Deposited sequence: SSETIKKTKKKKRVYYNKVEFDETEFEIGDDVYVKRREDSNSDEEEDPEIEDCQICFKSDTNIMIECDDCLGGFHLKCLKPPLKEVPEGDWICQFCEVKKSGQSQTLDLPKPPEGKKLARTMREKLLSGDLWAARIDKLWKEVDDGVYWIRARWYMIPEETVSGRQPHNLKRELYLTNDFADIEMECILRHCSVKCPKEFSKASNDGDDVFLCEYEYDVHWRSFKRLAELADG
């Protein structure tokens, strides 16, 4: 009744067991480039991301303007004082992210499916975000579901702690996951 695959080409995109993807479930624009929160004008000048609000800021537009991308921690002036991307939607709980556990073709109708293992944002755990959390941090739950591959939006990239900081230039779809979160026991375990 099912034919399982290690990998599947779906709509000219290769999906493989262990891949991480954005998902729009049945029961529930995608801009490449974000605006600077200061000038709102397109530019070749390098744009950095605030650790807190995740807004974009041209280096040359900061006060005082920066020449280089700051190494390590950085927040913008607004967080100092105290259309949406797919990542923005995920982190606001308006779409899902999952790791691909299985892929198969349903024999009865030829439809392709995955077994999704859901990620969860800290806000959606009953105890919520903690001070030590990062804004791009996800937990990998022990919740699973059968989802049609048609419901997959596109890949995201979920990094273990050892590889997260080195992915600082890898774009908007990069997330951190260190822990498995059991939703029933409300407990954490290292993926490591």
Sequence ranges without modelled C-alpha atoms (deposited numbering): 1 to 11, 40 to 45, 100 to 118, 229 to 233
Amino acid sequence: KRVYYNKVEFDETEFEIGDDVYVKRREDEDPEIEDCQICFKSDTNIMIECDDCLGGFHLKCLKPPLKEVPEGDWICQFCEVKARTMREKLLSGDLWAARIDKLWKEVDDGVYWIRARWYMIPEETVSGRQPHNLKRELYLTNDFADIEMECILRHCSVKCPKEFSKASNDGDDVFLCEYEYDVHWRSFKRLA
From here on, numbers count along this sequence of modelled residues.
Stretch with the higher entry mean CA B-factor, where the candidates are 56 to 64 and 132 to 140: 56 to 64
Mean C-alpha B-factor comparison - 32 to 40 and 147 to 155, higher one: 32 to 40
Maximum C-alpha temperature factor, selected from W96, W74, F78, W104: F78
Peak C-alpha temperature factor (PDB record), options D182, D11, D170, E16: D11
Relative C-alpha B-factor of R87, binned into the chain's lowest, middle or highest third: lowest
B-factor third for the C-alpha atom of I48 within its chain: middle
Position of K1 among the chain's modelled residues by C-alpha B-factor, lowest, middle or highest third: highest
Within-chain third of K7 by Cα B-factor, per the entry: highest
